[PDB]
Amino acid sequence: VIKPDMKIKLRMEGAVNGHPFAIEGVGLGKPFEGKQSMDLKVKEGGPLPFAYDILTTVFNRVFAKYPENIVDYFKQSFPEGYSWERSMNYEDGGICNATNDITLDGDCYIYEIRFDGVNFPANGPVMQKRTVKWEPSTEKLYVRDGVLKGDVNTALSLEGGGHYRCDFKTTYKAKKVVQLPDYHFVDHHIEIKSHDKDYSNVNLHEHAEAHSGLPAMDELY
Amino acid sequence: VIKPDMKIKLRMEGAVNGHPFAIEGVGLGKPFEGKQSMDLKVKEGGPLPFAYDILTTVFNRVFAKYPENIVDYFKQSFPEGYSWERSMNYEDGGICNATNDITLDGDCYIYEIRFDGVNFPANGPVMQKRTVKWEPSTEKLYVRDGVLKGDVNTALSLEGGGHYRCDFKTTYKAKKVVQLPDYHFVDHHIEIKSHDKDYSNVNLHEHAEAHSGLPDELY
Amino acid sequence: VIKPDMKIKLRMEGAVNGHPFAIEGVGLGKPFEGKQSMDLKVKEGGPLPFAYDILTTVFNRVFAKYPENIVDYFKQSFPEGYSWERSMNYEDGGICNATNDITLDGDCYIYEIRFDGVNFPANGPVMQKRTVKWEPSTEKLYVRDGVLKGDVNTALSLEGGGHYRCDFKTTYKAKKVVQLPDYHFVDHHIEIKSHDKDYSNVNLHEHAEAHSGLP
Amino acid sequence: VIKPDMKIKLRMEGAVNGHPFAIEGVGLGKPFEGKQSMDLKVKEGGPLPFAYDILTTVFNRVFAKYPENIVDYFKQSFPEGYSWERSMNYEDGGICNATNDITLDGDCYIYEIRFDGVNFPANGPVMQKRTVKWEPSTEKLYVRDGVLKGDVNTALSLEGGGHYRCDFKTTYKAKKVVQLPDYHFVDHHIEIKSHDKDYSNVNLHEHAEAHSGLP
């Protein structure tokens with residue numbers, strides 16, 4: 001169903017602490033290698049008054065390299081696709097709720113995304129854009145009530161040292177009856193390679209791999 | 001600026017588990033008695049596939065009886081108004097973020113409300129309409145970083161008995177420099193007096209009073 | 001069962017951020033007025049290098065004024081008694097777990113308390129003793145899993161102004177089966193009325209009345 | 001001058017939901033391979049009425065293979081040692097507070113451990129011991145105000161399928177000023193390899209290596 005090279009087109013509508021914005025984007029990736037890149041740009045609400053890193057992870061776990069021994073919940077959902085919902089709980093009390101509907105049209109994944117962040121205080125690193133980058137992460141994926149769940153705790157590196165902690169709790173809902181996997185991990189590394197002054201344009205890359213944890217195939221042969 | 005009798009008008013757009021809906025409403029209340037009434041009507045996404053009670057609390061702190069000794073942050077905020085944000089943390093992980101921008105036009109308040117709930121599981125009492133009502137609450141209101149915040153932990157009663165807990169953390173942002181108050185409380189009681197089968201029409205009542213905690217002079 | 005005037009005797013053992021201490025205390029109160037006072041003294045590990053207010057709340061719903069319309073779970077559990085467990089999660093990451101075993105010996109309540117706090121940062125207001133007092137609170141009490149639970153989220157006022165909030169999760173387990181109440185609330189006001197510089201002696205008061213909220 | 005093979009001696013005192021217990025243990029491991037095993041016997045409060053898996057993780061991140069590019073905080077803290085504090089919050093409300101004071105005596109690590117768990121409900125999988133094993137994990141270690149921190153959120157596989165989640169919040173405090181490392185991870189795998197009916201005897205294994213995540 002899925003070629004080695006596919007395209008991405010998306011649109012995100014949302015608000016942060018009550019001020020609306022919208023962002024559209026187009027990009028490419030390869031699902032069997034867990035790598036993807038995209039070009040995003042603010043089309044409403046610009047220039048955005050919050051740190052851009054708050055959106056990076058909301059911008060499709062199909063771009064995760066899955067080994068044969070682990071069941072792929074994502075590539076198994078197509079051509080029908082899947083949707084996901086997520087609430088990102090920040091350390092300072094800022095909460096971001098997100099939704100993404102993923103569909104397939106030939107070689108392009110289409111995302112309908114909604115984003116709502118609240119209770120970010122004026123002095124925090126989000127309202128004042130003091131974030132640098134998300135550090136690499138490790139997601140825990142488990143089955144609960146027939147649905148695939150994703151748990152991550154991670155942080156954002158700040159200018160001048162330190163980390164800003166966030167708790168991810170994702171629910172993955174495939175649109176068709178699919179084979180569920182066992183408890184496993186997905187490692188993540190998200191990166192904005194290039195952007196402009198006000199982040200009206202962003203170059204975003206993400207590499208992701210799935211694994212079982214501490215077990216290797218390295219038998220020197 | 002504020003009559004003892006005022007009117008309410010508002011429209012809410014939002015989504016629950018990714019399924020959009022919209023609701024508009026109009027009503028009246030008494031700001032100095034902490035009581036208000038509303039009639040709410042669904043306009044999109046109906047019939048709603050989730051328990052209605054999660055929107056009741058999103059549907060104004062000006063309807064709170066404030067004693068002279070406690071500074072009222074809300075009535076001070078008018079005629080220019082205030083906005084507020086809130087996260088509602090449900091005990092099983094469903095989280096609802098809500099937004100409300102308030103203005104006043106003559107004698108009526110207009111609310112621009114946004115509501116977004118996620119990670120509500122299929123088997124829970126929100127997706128399966130297993131809630132009965134909100135219990136009365138007591139909100140803790142405090143100042144942090146120049147704005148008034150409101151914290152309340154409360155619960156929802158279920159059919160077969162029991163309670164479903166939710167944590168509210170509200171940020172009130174007044175648009176006009178205002179006098180901040182001391183640590184205080186607001187007692188709450190929300191009720192839906194009448195609704196229809198699919199909850200496509202709802203009558204909502206709320207009574208609220210402010211106090212300073214444990215303090216009759218027969219005179 | 002409970003006379004209008006009784007006294008309290010207690011001992012608390014515990015540690016905060018890994019450093020042990022012990023405290024005993026004696027005091028009295030009136031259960032039908034929800035008021036009680038006690039005199040506590042540090043007996044081990046003193047002087048305590050953490051804010052004293054984090055232990056205050058841990059040293060007995062028996063001192064709560066209950067109206068006829070609300071079931072009193074505590075005075076009804078006596079003379080057999082009850083135990084309780086609680087976790088206190090502070091906004092900055094410090095967690096305090098405590099237990100209190102309540103017994104009655106004639107006219108006195110005897111407390112066997114355990115208290116354990118961890119993950120308090122050096123610069124926070126507990127390690128730098130930056131608390132003034134607990135603000136008055138309102139506890140929400142409900143039955144869950146056949147047992148009565150009490151939830152409170154309150155805060156501690158700080159010196160330079162501001163509040164440090166805490167999440168309370170209490171479990172009340174009567175030692176003998178007692179008739180359960182419905183959802184209701186209890187308002188609390190606790191205060192250290194007199195103490196010495198190192199808090200080796202503390203006079204602590206608590207006033208409490210029970211209600212069913214706004215009609 | 002700390003060898004590839006070391007010995008472990010350990011004692012734990014604590015309580016769960018108010019009922020006291022004690023456990024002693026002896027074991028061995030290789031800190032440069034991230035492998036260790038130990039034998040643990042109950043000494044007080046036995047037979048334990050709660051799931052044993054909640055204590056396994058309290059039973060020393062010196063047993064982690066650290067690559068050269070990552071700073072070892074733990075092997076640098078010896079021979080003076082270090083201490084750690086931790087909270088463990090389970091999704092159903094049971095919370096466990098623990099402390100470990102680590103010591104070195106020749107070639108043996110000595111643990112002084114305190115453990116306190118509260119609010120574990122009767123029907124939950126801990127009081128009815130329906131836990132099977134901890135799933136493998138990955139801990140996030142970062143510095144926050146001059147101290148090394150460890151964050152890991154996991155679950156416990158339940159018997160009959162499903163997972164019971166826990167959030168770990170550890171504070172690592174070396175008793176000697178040491179070089180702090182940058183953001184990095186430690187992968188874990190713990191197994192109760194042998195045990196008794198009521199768990200009066202347990203042989204416990206842990207494998208651990210540190211890494212910097214995906215490139």
Side-chain angles (χ1 to χ4, degrees), chain B residues 214, chain C residues 1 4-6 8-13 23-29 31-40 55-75 77-86 97-106 108-115 137-152 168-175 177-190 204-212, chain D residues 15 17-20 118-119 121-122:
Chain B
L214 271 188
Chain C
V1 175
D5 298 74
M6 300 142 156
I8 314 166
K9 163 70 186 113
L10 70 93
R11 186 199 162 83
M12 163 194 273
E13 310 194 1
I23 285 152
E24 322 198 16
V26 191
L28 62 156
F32 300 108
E33 293 285 337
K35 330 220 192 54
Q36 78 189 287
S37 70
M38 64 178 73
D39 292 294
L40 309 141
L55 324 165
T56 47
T57 166
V58 191
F59 36 52
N60 166 343
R61 288 309 137 285
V62 315
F63 300 112
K65 182 177 183 111
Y66 263 80
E68 321 213 21
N69 49 283
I70 317 197
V71 165
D72 192 314
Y73 181 94
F74 309 98
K75 316 189 182 128
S77 73
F78 283 103
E80 295 95 351
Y82 74 105
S83 84
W84 67 249
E85 28 188 60
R86 184 187 312 156
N97 304 353
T99 65
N100 193 356
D101 200 355
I102 307 308
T103 54
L104 166 80
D105 175 16
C108 188
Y109 295 108
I110 293 102
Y111 302 174
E112 183 199 346
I113 287 133
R114 178 71 205 186
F115 187 107
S137 55
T138 279
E139 164 158 82
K140 290 124 175 296
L141 305 88
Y142 56 88
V143 63
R144 165 163 303 198
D145 274 9
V147 285
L148 166 59
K149 318 224 96 188
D151 273 22
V152 173
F168 287 16
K169 296 267 167 79
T170 325
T171 310
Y172 301 120
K173 298 157 144 185
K175 290 198 164 324
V177 164
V178 68
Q179 201 223 328
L180 301 175
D182 312 348
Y183 201 95
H184 73 295
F185 321 81
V186 317
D187 295 349
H188 298 271
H189 194 187
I190 205 187
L204 183 77
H205 274 82
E206 183 205 318
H207 178 28
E209 255 162 336
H211 62 103
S212 49
Chain D
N17 280 101
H19 291 26
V118 296
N119 297 332

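We name chains A, B, ... by the order of the sequence lines, and we start the count at 1 in each one.
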What is the minimum heavy-atom distance between [X] and [Y], and which atoms define it?
X        : Y        : answer
C:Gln36  : C:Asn60  : NE2-O, 4.3 Å
C:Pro181 : C:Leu148 : CG-CD2, 4.3 Å
C:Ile8   : C:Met38  : CD1-CE, 4.2 Å
C:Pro31  : C:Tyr109 : CG-OH, 4.2 Å
C:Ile23  : C:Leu10  : O-CD1, 3.9 Å
C:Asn69  : C:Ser212 : ND2-OG, 4.4 Å

Looking only at the aromatic ring of each residue, does the gap between the centers of C:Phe185 and C:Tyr142 stay below 6.0 angstrom? no

I want to check something: taking the side chain as every heavy atom from C-beta on, are [X] and [Y] in contact at a cut-off of under 4.5 Å?
X        : Y        : answer
C:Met12  : C:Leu55  : yes
C:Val26  : C:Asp39  : no
C:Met6   : C:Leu104 : yes
C:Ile113 : C:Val58  : yes
C:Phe63  : C:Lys35  : no
C:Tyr183 : C:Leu141 : no
C:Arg86  : D:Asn119 : no

If you apply the rule side-chain contact (heavy atoms from CB on, under 4.5 Å), what do you find for C:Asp105 with C:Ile110, and how did you get there? CA-CA 7 Å; C:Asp105 175 16; C:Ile110 293 102; 3.4 Å; yes

Gap between atom [atom2] of [Y] and atom [atom1] of [X] - 0.5 Å precision:
X        : Y        : atom1 : atom2 : answer
C:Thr171 : C:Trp84  : OG1   : CH2   : 10.0 Å
C:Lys9   : C:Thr103 : NZ    : OG1   : 11.0 Å
C:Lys140 : C:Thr138 : NZ    : OG1   : 8.0 Å
C:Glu206 : C:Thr56  : CD    : OG1   : 9.5 Å
C:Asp187 : C:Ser137 : CG    : OG    : 7.5 Å
C:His188 : C:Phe168 : NE2   : CZ    : 9.0 Å

Once salt bridge (charged side-chain N to carboxylate O under 4.0 Å, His left out) is applied, do any residues pair with [X], and if so which ones, sequence neighbours excluded?
X        : answer
C:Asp182 : none
C:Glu13  : C:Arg11
C:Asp151 : B:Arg165

Q: Please report the C-alpha distance between C:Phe74 and C:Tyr172 in whole Å, then the side-chain angles of each, then the deciding distance to 0.1 Å, and finally whether the side-chain contact (heavy atoms from CB on, under 4.5 Å) criterion is met.
A: CA-CA 9 Å; C:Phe74 309 98; C:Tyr172 301 120; 3.8 Å; yes

From the list C:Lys75, C:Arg61, C:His184, C:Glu209, side-chain hydrogen bond (donor to acceptor under 3.5 Å, both in side chains) partner of C:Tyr66 resolves to C:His184

Q.
Checking side-chain polar atoms at under 3.5 Å, does C:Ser83 have a donor or acceptor matched by the opposite partner on C:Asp101?
A. no

Can you find a side-chain donor-acceptor pair between C:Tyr82 and C:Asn100 that sits under 3.5 Å? no

Between C:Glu139 and C:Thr170, is the side-chain contact (heavy atoms from CB on, under 4.5 Å) condition met? List the steps.
CA-CA 10 Å; C:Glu139 164 158 82; C:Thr170 325; 4.1 Å; yes

Please check: side-chain N/O of C:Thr99 versus main-chain N/O of D:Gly18, any donor-acceptor pairing under 3.5 Å?
no

Original post:
So, the side chain of C:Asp145 versus the backbone of C:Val147: is there a donor-acceptor pair under 3.5 Å, distance only?
Top reply: no

Starting from the C-alpha separation in whole Å, work towards a yes-or-no answer on salt bridge (charged side-chain N to carboxylate O under 4.0 Å, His left out) for C:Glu85 and C:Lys173.
CA-CA 8 Å; C:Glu85 28 188 60; C:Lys173 298 157 144 185; 3.5 Å; yes

For C:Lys65 and C:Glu33, run salt bridge (charged side-chain N to carboxylate O under 4.0 Å, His left out): C-alpha distance rounded to whole Å, both residues' side-chain angles, the deciding distance at 0.1 Å, then the answer. CA-CA 5 Å; C:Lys65 182 177 183 111; C:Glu33 293 285 337; 3.8 Å; yes

